[PDB]
Amino acid sequence: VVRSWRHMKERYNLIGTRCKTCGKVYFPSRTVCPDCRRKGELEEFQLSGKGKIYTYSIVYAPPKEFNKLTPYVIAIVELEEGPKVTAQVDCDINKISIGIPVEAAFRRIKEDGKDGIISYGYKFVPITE
Amino acid sequence: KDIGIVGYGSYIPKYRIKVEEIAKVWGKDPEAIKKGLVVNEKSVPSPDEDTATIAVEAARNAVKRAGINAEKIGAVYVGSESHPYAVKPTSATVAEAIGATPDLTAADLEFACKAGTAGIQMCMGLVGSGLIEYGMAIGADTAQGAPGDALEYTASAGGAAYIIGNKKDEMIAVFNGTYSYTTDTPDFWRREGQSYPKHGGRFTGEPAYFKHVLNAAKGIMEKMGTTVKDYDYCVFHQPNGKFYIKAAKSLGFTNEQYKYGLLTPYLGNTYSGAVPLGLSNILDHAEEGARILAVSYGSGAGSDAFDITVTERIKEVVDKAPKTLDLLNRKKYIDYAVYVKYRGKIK
Amino acid sequence: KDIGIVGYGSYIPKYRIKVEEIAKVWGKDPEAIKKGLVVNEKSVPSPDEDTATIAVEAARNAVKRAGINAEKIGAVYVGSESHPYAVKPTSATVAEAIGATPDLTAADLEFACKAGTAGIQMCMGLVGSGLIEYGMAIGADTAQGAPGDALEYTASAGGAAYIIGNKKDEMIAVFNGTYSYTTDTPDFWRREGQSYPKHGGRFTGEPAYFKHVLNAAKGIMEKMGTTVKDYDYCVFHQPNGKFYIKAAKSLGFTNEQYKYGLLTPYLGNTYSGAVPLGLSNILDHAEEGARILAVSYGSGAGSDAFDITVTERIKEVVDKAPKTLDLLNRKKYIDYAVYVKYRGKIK
Amino acid sequence: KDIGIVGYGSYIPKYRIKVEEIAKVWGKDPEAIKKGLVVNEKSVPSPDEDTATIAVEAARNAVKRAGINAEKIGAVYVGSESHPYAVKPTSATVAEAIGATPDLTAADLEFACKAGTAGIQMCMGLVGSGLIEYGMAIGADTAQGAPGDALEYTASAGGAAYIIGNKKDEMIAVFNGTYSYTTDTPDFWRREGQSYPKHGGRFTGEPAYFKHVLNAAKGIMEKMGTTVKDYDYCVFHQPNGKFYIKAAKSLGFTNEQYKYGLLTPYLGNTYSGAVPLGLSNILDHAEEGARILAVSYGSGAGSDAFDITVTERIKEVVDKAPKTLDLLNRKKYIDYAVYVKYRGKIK
Amino acid sequence: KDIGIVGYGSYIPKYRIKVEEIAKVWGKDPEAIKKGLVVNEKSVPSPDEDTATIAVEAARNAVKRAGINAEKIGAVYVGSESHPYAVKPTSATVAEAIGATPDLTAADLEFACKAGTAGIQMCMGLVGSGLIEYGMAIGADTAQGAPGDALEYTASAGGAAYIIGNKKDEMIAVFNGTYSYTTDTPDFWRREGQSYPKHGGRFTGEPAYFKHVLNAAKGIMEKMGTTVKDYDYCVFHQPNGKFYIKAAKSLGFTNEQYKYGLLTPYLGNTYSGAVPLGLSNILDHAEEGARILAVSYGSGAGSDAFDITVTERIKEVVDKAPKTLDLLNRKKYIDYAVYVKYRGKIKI
Amino acid sequence: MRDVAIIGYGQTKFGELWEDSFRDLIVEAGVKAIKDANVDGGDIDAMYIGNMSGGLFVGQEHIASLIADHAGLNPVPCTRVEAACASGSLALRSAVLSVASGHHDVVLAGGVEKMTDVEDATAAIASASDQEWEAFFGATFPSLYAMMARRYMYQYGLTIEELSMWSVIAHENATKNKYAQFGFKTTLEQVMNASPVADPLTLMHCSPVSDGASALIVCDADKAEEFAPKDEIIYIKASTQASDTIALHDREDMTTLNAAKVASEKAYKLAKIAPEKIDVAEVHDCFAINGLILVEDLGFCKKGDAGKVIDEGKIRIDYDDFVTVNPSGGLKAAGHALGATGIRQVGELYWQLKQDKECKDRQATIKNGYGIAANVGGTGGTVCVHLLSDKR
Ligand SMILES: [K+]
Ligand SMILES: [K+]
Ligand code: NA
Ligand SMILES: [Zn+2]
């Protein structure tokens, strides 16, 4: 609920930060730059959802809530700006491999039971090309 | 100048239940609740009443004040959190019940307690664009609070209806402008399955209700180039009297400016009827040339702001239908047992 | 002065289920169903997709075609029969996901399968009145057919979004006029409690669907002074292919006029997304100066009719996002077991 | 081998609700109800009390009267219509709660209001066969009546436990014989899904309750070669006072014979606990050599008859635990609001 | 004084569903599930069948083997986890369907999968005390596993009835003794409201199933002064094939001793019918003088142990009704769609 | 800066412990450690316990007070240290730093875990990962380590057969351990054809969820001679700790644990030793790949050629000319009680370097008298390294 509310623009729109001192792009957005610390000047930066599979795994026995999705692809995607993210990939388990170009998609990531909040966010999909 | 209210109407069911009657059952101190929430009692619909009937009563009263043939109404919108059907529309029943059918458009609106005013804006657009001559917007609800919960002290039944027109000779009030502030916020919600809602507790206040109400109030006053001193009366969303007053005081409104708008202490929270009912009571008392600020609020996070000016034609119409305050004082008290019976809170 | 569509977009999930797969389970003749309903297969949403995600995909594709900054979108309306929350609004999530927040109005519209087109009219009014520069109207749904019922063969998932602007240089299509026919009709409904709807059977057809669709089509053509000969293409509500064609043929439309609008045979009934999706496919194929007749229908007793003309700017934008037909043909078939798993039809 | 009761015990919760309090809410004449059913008030369980707890309280009281170590109990049977779990057994909790575990057998019994007495027969067999030395049979229920219904006036909480033994000196009462009349009757039932039952109305009366009770009475008196003059006291099933007396009077029992057995007027119908509780009150008052007749009833269509003779040892045991009548008069009245709160009759 | 089984009967519905068909839907490896639980398939009741019909079929078969007039049956007990009604008793409909009515007592039994054997003990007592001449005890169930869950591979329908008597010349088997071990254990349960049960996972095995089954087996053999060598055949509770074998092997039983009682790889877990059905298959094959150990288990935390001896009358009655193994092999396979349809697992 | 040594070590059995209550586990470890230590309960100046679960299963925080209360050692101070799977070593390191300060002379460092009580341990174990940015999206703990394994294979050509060889050694070694959760041997085919949890990992590449407890008794090197004989005293040369990014997707290189490189290097520097001198090592092999990677990061071989090192069998107890790794079953076969594992690793080095009767059957050959332990929290966000020696 409250935690969902804070990182919505990140999960929904992939909005990270850019350090002008470095030039480096960070996602998720950081409050303190790991290199420059207080010196780093931060501006909000909108990432494109485009990225490539850096590594991946297929989850065969997940929590009871992911029963419909089983087996699913979890992966670490290297985005074209540089940041890496962990997310699921909507594709057949035989079609996934390292280096596959993917694109972020707005999906229903979770729900807090029958009565709680629904949590949306990014899930990657392979590009048509 | 182009767009304005030509008629307004309201309805409140007769049954009430005092805070004391609810607290008694749940082992709470009534005076603590009353002081805390700024609420004394609330409206209870009869078992043969619902959001549709309430909407119809209010719609019919608005037509009386407008003094126009309902065949001229080109759109009916009903904003509620408690539409009787999940699929069949309330607005279609209200249209049939006022004989506006069949040459019109309609839709049922959902946006927590902001749904009623959402439709006012829709009617403003359609009349202003010339797509229709008159539009009706209704905000009505038969709210249900969870038996053990605090929302049980406020959740109540009521509705008010507004007819929007283009004719200076028929306008009793004029829209100077509208503004809306909307975000995605999980402060309060109800999932399709559940009969009673779930809330985030203290997260509902500052980060949601105040954030959206005050931003919308500041946005409209920025849009109009206006200050708190320019407005004669104000009405805000009133989940309880506490929130309403804090917001009014925060913006710099005095009791004389906000008193007419605040009905919750003796009516409760009618959700989508709340601000519409408040505004209707302001219009029952208002004089020519009075400027009103009206700001609504909806969970999931939205607020609609209005800047309205009252016209010469106001006193002509007030007595054409029942005054909000008269409906509010024609009442019959019930105990909790009868209340749970009426509400179908019985298993 | 002139109102028109500046951008449109659509989304269809990848999964399908053939009639044959459903019939097999329930002991029915697939060829009989296919012939009767004029339907071959339908769209099935992924378990991680819902009306909100579908609306967001559409909305985002409409923004690409519009080529405008979403900060300029003044209201977002989402018309659905399957909003994820009973109280928290979808339209806010959509607004947040396209970055139109916070300076906007929004509302979630309910009117069976006509809620989508209801919001187009709302955006038409607000833009035309000058209250907003751009408004977005979405029609999306992840429909539910009862397991044993015939609605299981058609009820499907899909969405389309439309952005409305005033500026001629940005418009790809122009509204010549709109008309609506609305009554109170108990042909089909769903009570707040129930997960699956109830219908009146044969009373749904002639007295309800045809009555409202044909009256609205006749009404628009009277308003605009047209004839079936004046229109280049047409799109009607398509609960099944049978009803759609009957209506088209009844008004005197040839196959060449109605073929693009009819998607149900391979898509199913996407309820609030049906005519929006059909209209989007017409726009994907349409040439400059084409006149479209679009008539929607909603179970409660509603129909919205549109008279649209296609502009020069059409070929510029079509390829800026996925064509409706491309989404429709990018598909993956599933059996009935998988389908009931995905849709949560399992207890 | 001769079989008999070595110990008995009972429990009734403290809360009551008068007929007047229920009638008041539902708009009925209390005097009409009271006269009709022969009922003045009924016991209510605390929100922290359930069938198990009642069974444990009564089991524990029976052990006090028996004066034996619970480790010697070789079977515990709990008959109820309201077992807290649909699968996990109550009898296992009761066995643990008195320390008879682990060397024993147990089972939860379902047969409407006859279950309790069905286990008495089971214990009779197991000690009589020599398979165990002591067996416990409990009848207890937390009764729920539909809010609007007449069963709301009678459905109540309570229970009673009986320890059956083989030894002569330890018996406080002796079984002369048992008889049962069972057929398939749809007078009253509840389906697995439903929380409240459905009934036959008038069909439960004469055809079902009287037929089985009376046939089981002639069955035991034919089996024992006895008449109604031979019995000192009697206890029948008591859905209401009206039925109980009409059965007693029909067989030729005088008020002096049936008065101790009838508790419903101030206790209500404790379903499985009804006859056991009645029999326990008879045993609280009975003198040595008293021959009693006990006939139970269960809605599905069965009845259990008992022919019992009281022994010298009663004068010792009665005061070792609370008398049924003392528990019945240890009471605290509540209104209907608190009652629906306690019972979880709230949504 | 001497108590024994005069007649026994069993019923299994025709429909089956292979593990492969369920796994396919839920994205699991069938060979993994198949290997683990040693389950290949399970029985599925027709949509016009339930625990009452299954109990009636088995009851009727037991009367055929007994060869006695049902008017003589003085008690009918039905042990189930899936009685059609929450209030109206199954045992009453079964009594009516055998024509034992009206001179009898009856009751519906609940104790997870032990319910069936609980009633056998009840009948033993009433016949032994002389209160009745014949009693019938039935263990039947139309179990339903949660769609996503592993219990979906085993949950099955089946039933078995036993008629208990005291006449020496009518007995086909004789009770040497019974023993029960019962505690309060929250390993598995279902609360009145819920349609599907909740389980504790691995806490169901060692601390619950093994604890009660082995203690009850040890307890009866201490009561009878016997050893694992004295018994010719054995039947334990069969939630999974694995649990059954581990228990048998733990006590020192060889495959030849436990092979006849284990039906779960091709029948599934019939809950209250499990051991009764297993015991019935042992009796279908057993020779005169065969010593049987039968131990049941119920989730609430209970076990019933039996020490049985076969009689020469066995050869005569076996063919009077359908053999358990014949019912088990008369079968029709279905896919998962038809299965959820039949079971009413789909929302309607 | 006083020198610290270990006088004793006590360990409960590991795994599905249904009978043993939580209080029985901590007592059982504590009393066994006290006997080996030959100290009285009154001699303990302070207790340091680390628990990752923190009654996530139980619902109980303030576990330290509870433990001291039930131990009957009030009013001695008891403190709880937390760092996921590394909570044990961190409790030890905190215990070392108090002795070193001189504020306490005899301190107990313990670890205890109860995961059998909850039906789904998966949710609690995942707590070590970033909930907002990994767990939220469905990244299970085995899937994170499977993603490490995948990238390692992609970069260094490790095969599934090589990786599976790590498990057969572990299970072979565990048969010589009475406290081990699994006392059976396995083949390569059995490891590879086991039920898959997360591709490429199978069930036989993962450590199990398990209950248990272990406690060490730390004392000042000078005072240690009072309670124990010199030959049964083992000295803690250095206790190092380092940190890394909590999320795997934030690491500069996934195939390596920098926090292990940082901590191990600092530990070698203070001991003035090279990795070639280490006789026995206990590494965090919760997912086998974690076993390979730590062997490289502790400097026993170069990056990439871990697969060759095991497929040959260099790390086996029978092998002579190389370091012996996880002679006890390890997390894979001995078991993995999150809070107690960090302690257990060190207690094994204690036994191995003092040639104790407990590890007689799995006794490694001790040439230089040195042993290292590497405990890891989560995917590597925290690593704590302890280096032990028979000589002060
Ligand atoms: K709704
Ligand atoms: K039941
Ligand atoms: Na509607
Ligand atoms: Zn920087």
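Protein chains in written order, with the deposited numbering: chain F, 2 to 130; chain I, 2 to 348; chain K, 2 to 348; chain L, 2 to 348; chain J, 2 to 349; chain A, 1 to 392. Cβ coordinates follow ideal geometry from the N, Cα and C atoms, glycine included.
Boundaries (first-last residue) of the beta strand (DSSP E) holding residue i
i	result
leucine 80 of chain F	73 to 80
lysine 348 of chain J	First-last for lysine 348 of chain J: undefined, no H or E at that position.
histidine 386 of chain A	382 to 389
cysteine 124 of chain I	Segment 116 to 130 is the alpha helix (DSSP H) holding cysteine 124 of chain I; no beta strand (DSSP E) there.
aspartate 305 of chain L	303 to 311
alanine 215 of chain A	212 to 220
Neighbouring residues, chain J, relative to residue i (Cβ below 8 Å)
i	result
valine 26 of chain K	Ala338, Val339, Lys342
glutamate 16 of chain A	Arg203, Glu207
Rounded C-alpha distance that separates residue i from residue j
i	j	result
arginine 191 of chain L	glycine 159 of chain L	20 Å
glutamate 32 of chain J	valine 39 of chain J	10 Å
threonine 271 of chain K	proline 14 of chain K	11 Å
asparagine 177 of chain J	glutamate 288 of chain L	42 Å
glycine 41 of chain A	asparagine 95 of chain F	60 Å
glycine 226 of chain I	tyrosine 9 of chain I	27 Å
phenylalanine 125 of chain F	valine 197 of chain A	22 Å
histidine 249 of chain A	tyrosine 210 of chain I	37 Å
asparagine 216 of chain I	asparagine 282 of chain I	24 Å
Per-residue contacts from residue i into chain J (C-beta, under 9 Å)
i	result
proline 187 of chain K	The premise fails here: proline 187 of chain K is roughly 22 Å from chain J at the closest Cβ pair, so nothing lies under 9 Å.
First and last residue of the uninterrupted alpha helix (DSSP H) at residue i
i	result
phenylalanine 57 of chain A	Looking at the DSSP string, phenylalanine 57 of chain A is not in any alpha helix (DSSP H), and its letter there is neither H nor E.
Proximal residues of chain F, C-beta to C-beta of residue i below 7 Å
i	result
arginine 192 of chain I	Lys115, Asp116
Residues that residue i contacts on chain K, provided the C-beta gap is smaller than 7 Å
i	result
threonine 106 of chain I	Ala119, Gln122, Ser181, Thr183, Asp305
Cβ distance (whole Å) where residue i is taken to contact residue j below 8 Å
i	j	result
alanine 108 of chain J	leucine 110 of chain L	5 Å
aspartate 142 of chain L	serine 81 of chain L	5 Å
Residue i: contacting residues in chain J (beta-carbon distance under 7 Å)
i	result
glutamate 119 of chain A	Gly201, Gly202
Return the chain-ordered ranges of every alpha helix (DSSP H) run that is complete within the stretch 3 to 89 of chain I and spans a minimum of 4 residues. 20 to 27, 31 to 38, 52 to 67
Could you pull out every unbroken beta strand (DSSP E) segment of at least 3 residues lying fully inside the stretch 314 to 390 of chain A, listed in chain order? 370 to 377, 382 to 389
Taking only runs of the alpha helix (DSSP H) that begin and end inside the stretch 13 to 98 of chain A, which ones reach a length of at least 4 residues, in chain order? 22 to 37, 63 to 71
Of all the alpha helix (DSSP H) runs that stay within the bounds of the stretch 256 to 300 of chain A, which reach a length of 4 or more residues? 258 to 271, 289 to 297
Please go through the stretch 135 to 168 of chain A and give each complete alpha helix (DSSP H) segment of 4 or more residues, from N-terminal end onward. 141 to 156
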